[PDB]
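First comes the structure, then the notes that go with it.
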Amino acid sequence: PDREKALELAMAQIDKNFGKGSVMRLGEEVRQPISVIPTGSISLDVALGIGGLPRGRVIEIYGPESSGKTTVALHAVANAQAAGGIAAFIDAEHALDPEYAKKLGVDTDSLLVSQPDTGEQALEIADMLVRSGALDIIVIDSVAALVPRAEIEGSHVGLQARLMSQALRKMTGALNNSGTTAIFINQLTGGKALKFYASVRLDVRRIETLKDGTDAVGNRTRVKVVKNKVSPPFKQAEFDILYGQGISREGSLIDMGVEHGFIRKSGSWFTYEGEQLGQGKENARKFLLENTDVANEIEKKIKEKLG
């Protein structure tokens, strides 16, 4: 009754009893199924293990303020759209900036935006939009702003705690067979259900501040995927987010380039196979920003060393 043999027999029994990966081995490099929306952060991408947010799954991106939570969820919309996808933004904060969005790849013009008046309306015009099976990805800004009918009029009665549960229980099954990934957005309540409904929960907190004797811009953001049901949990990644420009595609190619030995840092002087790119990082990102082919091979080389 060989252990490793006994273990696998009883382990596979759960997957068929409770789900795909109700039981993962933190080491497993399991990769199948896909149909993922790249988040635009090669780093965070692999971090997820499937290289992107699993579609048709409910996702949560929590963090404090000015963390870049929205930035990521937006990059997600750009991509989903850029591949013939219909996006729906259920605004309840009214902070969204089109100018920052369009400059990331979003087709604002063809972007469904809705500004509910109550928590219930927000999670209705959203669950309804999910069932039309027309959307690919739909993000709801601020789980917090989703305040109940009352509390808006005159706590005591049904609070968000259930407001969120009800809608989740009814909307989880829906996108499940709709192929429409659902991004929630939190902000260190009803998140006591979302924490149990999400198949992927991301923890976005700002770490440092890229800068150059200048007045700063973006900020090295770190992301810890604390709950993942598609690939193994607890992985993390970091990526630059330039002020008013988004996540640095090129800048991510370096951090990942030298991390997987495709680039070298002799005297803080980067170089991709013989041909050096420049000194410092911001100068190397400026280089890759020009000639895309070179950056293209690199991206093409890391996409192989891993899926």
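One-based numbering along the chain as shown.
Note: Cβ is positioned from N, Cα and C throughout, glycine not excepted.
Quick look at what Swiss-Prot annotates:
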BINDING   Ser66, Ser67, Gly68, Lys69, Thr70, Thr71, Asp97, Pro98, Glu99, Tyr100  ATP binding site
BINDING   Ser66, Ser67, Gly68, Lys69, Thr70, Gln187  phosphate binding site
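Annotated features, which come from Swiss-Prot, shown on the structure.
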{"residue": "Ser66", "record": "ATP binding site", "Cβ neighbours (10 Å)": "9"}
{"residue": "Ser67", "record": "phosphate binding site", "Cβ neighbours (10 Å)": "22"}
{"residue": "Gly68", "record": "ATP binding site", "Cβ neighbours (10 Å)": "22"}
{"residue": "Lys69", "record": "phosphate binding site", "Cβ neighbours (10 Å)": "26"}
{"residue": "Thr70", "record": "ATP binding site", "Cβ neighbours (10 Å)": "23"}
{"residue": "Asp97", "record": "ATP binding site", "Cβ neighbours (10 Å)": "11"}
{"residue": "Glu99", "record": "ATP binding site", "Cβ neighbours (10 Å)": "8"}
{"residue": "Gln187", "record": "phosphate binding site", "Cβ neighbours (10 Å)": "17"}
- [ ] Since 14 residues are absent from the deposited coordinates between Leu188 and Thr189, report the CA-CA separation in Å as an integer.
- [x] 11
Open item on the list: On the three-state reduction of DSSP, what should I expect for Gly68 (ATP binding site)?
Closed with: coil
Task: Maximum Cα-Cα separation in Å among residues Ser66, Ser67, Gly68, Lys69, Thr70, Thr71, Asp97, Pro98, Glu99, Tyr100, which the record lists as binding ATP - done: 19
Open item on the list: What does the structure give for the C-alpha distance between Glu99 (ATP binding site) and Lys69 (phosphate binding site)? Integer Å is fine.
Closed with: 17
Open item on the list: Need one number: the Cα separation in whole Å between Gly154 and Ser155 across the 4 missing residues.
Closed with: 9
Task: C-alpha spacing of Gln187 (phosphate binding site) relative to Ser66 (ATP binding site), in angstrom - done: 10
TODO: Could you find out if DSSP has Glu99 (ATP binding site) as helix, strand or coil?
DONE: helix
